[PDB]
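One chain follows as structure tokens, the form solved without 5-nitro-1,2-benzoxazole.
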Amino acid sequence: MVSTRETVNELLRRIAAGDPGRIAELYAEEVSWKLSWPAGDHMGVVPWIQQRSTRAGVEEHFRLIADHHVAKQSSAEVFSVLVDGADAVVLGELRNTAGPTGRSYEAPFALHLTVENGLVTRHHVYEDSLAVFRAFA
């Protein structure tokens, strides 16, 4: 068995490296995936904001979010990683540049993860959706 913290550290490494197939390898086949965003299509400006429940869906998310950002001006700064049993919360800030508009933005985020059998089963993002939306609108 691998600790929750080690599993979370590996996920954060793979997310920062960016490859969607390699990130999704860390998720269970079925994933509880939630984003602190309203439902709908948001006039098309944030296409990765959709409902997901599968490893294949997770791979699609990380593909889309990469395609919509300038890779060399985008990153997530992690301030702390809290771990309690099988759960963890990653606290940080998105420092990204939106591809279509060129606007840089900062968005605080908390990422709540659950791990079982070394795989991520839950990935719930709480982030400044207003700031992200404004950067792409």
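Just so we're on the same page, rigid core means the largest C-alpha set that superposes within 1.5 Å between forms. The first residue of the sequence shown is number 1, and the count goes up from there.
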When mean C-alpha B-factors in the record are compared for 119 to 127 and 9 to 17, the larger belongs to 9 to 17
Going by the entry, of stretches 109 to 117 and 21 to 29 the one with greater average Cα B-factor is 21 to 29
For 59, 84, 41, 93, the deposited C-alpha B-factor is largest at 59
Reading the B-factor column for Cα atoms of 49, 88, 45, 78, the highest value belongs to 45
Of the three thirds of Cα B-factor ranks in this chain, residue 36 occupies the lowest
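We do not show the form deposited with 5-nitro-1,2-benzoxazole bound, though everything after this point is about it.
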Seen with 5-nitro-1,2-benzoxazole overlaid from its pose in the deposited complex, and using a 2.4 Å cut-off to backbone or C-beta atoms, this pocket is open
With the partner omitted here, the residue among 28, 83, 94, 98 that in the deposited complex has a heavy atom within 4.5 Å of 5-nitro-1,2-benzoxazole is 94
Partner-free chain; cross-checking 5-nitro-1,2-benzoxazole in the deposited complex, the single residue of 12, 119, 24, 125 with a heavy atom within 4.5 Å is 125
Legend entry - 4.5 Å heavy atom contact, residue 61 and 5-nitro-1,2-benzoxazole in the deposited complex: yes
Whether residue 132 contacts 5-nitro-1,2-benzoxazole in the deposited complex should be assessed with a 4.5 Å heavy atom distance threshold; does it? yes
Across 42, 95, 34, 112, the single C-alpha shifting 2 angstroms or more between the shown form and the other one with the core held fixed is at 42
